């Protein structure tokens, strides 16, 4: 029955307003492979809003690996890993990931999102605590909420606030600190040396979400612990396959005893169907390519350094990025929607960040680099961005 349900959704009008003004640019329907240019409505659009940092979703070797896995294994495993959903190739991928991030063991999940839900929901319980950076990804907030623990947020990269909040807590309790490695909004890196120093003082577990770090920072792209040399101070390394690894799915890597507990206690792996064979194969081949072909990471950072310098030289106001995420401040929600749509209509795809995700005065567009971008494409996007920021009067 719909009476109260209709009332619950009645006040949500921002989408009707964006559509009526001709500003709507969510769920833009792409007609082609994710690449430096995509086809939208039959026309070519430069893609600066992707998470495919190494451009690997179009690698013919990766497509072929996925197609060969369909031929051998079919379209799906039709069950949880726990029951009838495990393939030899899932186990192979766990072994290869464990080696890549320097841990004993790993467990796959069918999404990155579900990779966060698993350990956050089942390790800390009643009378225990989870400490979260306030900018942590939605999946981390949701995972922690599924736990029976007390969830405490600390100020963004604020080690005094983390330390104080941990100091308040009863000694006879378990504590788990979970952080993004690279934060997607501003593209900044966690203070992992200080956070792990605090964790070691209070015997808290440390979990890092490396969604935006894998294939980006660390030796051969192995992520945030690898970047800082702090593998031995991080209990759990979470990753997704949907970004540099060009696929779908995720993982959690750690000590074999903790991983064995997770694979038999995390509801998001016990009660969800396993990754498709095509996605296991594509992830395995992308992981081989990231490690054996240092070019990709190198070219990603040449593009990042080039685009960042060009944006600062044109007078754009950038956030405190340390990654291929270039946050360009606009500081008005209306201007952010307008700039986004005008760029779309001129052949440039960027992602807006607006209220209520952020305060109006912190609204921005995120311009993300891909190893496969050219300096010519970067130049064309920035040319168009200068013109639209002028038209918009930013």
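Positions refer to the first chain, counted from 1.
Handout entry: Segment of higher mean CA temperature factor, 310-318 or 81-89
Key = Stretch with the greater average CA B-factor: 310-318.
Practice task
Report the stretch with the higher mean CA temperature factor, choosing between 246-254 and 192-200 on the basis of the entry.
Solution key: Result of the comparison: 192-200.
Practice task
Could you tell me which one of 94, 235, 171, 210 shows the highest CA temperature factor in the PDB record?
Solution key: 171 has the highest C-alpha B-factor of those listed.
Problem - Top Cα B factor in the deposited entry, candidates 46, 325, 358, 30 - result: Going by the entry's C-alpha B-factors, 358 comes out highest.
Problem - residue 300 - which third its CA temperature factor falls in, relative to the rest of the chain - result: Answer is lowest: the recorded C-alpha B-factor places it there.
Practice task
Tell me, lowest, middle or highest third: where does the Cα B factor of residue 219 rank within its chain?
Solution key: Highest third.
Handout entry: residue 153, C-alpha B-factor rank within chain (lowest, middle or highest third)
Key = Tercile = middle for this residue's CA B-factor.
Practice task
State the tercile, meaning the lowest, middle or highest third, of residue 330 with respect to the CA B-factors recorded for its chain.
Solution key: For residue 330, whose C-alpha B-factor we compare with every modelled residue in the chain, the answer is the highest third.
Problem - residue 66 CA temperature factor, ranked by third within the chain - result: Its C-alpha B-factor belongs to the middle third of this chain's values.
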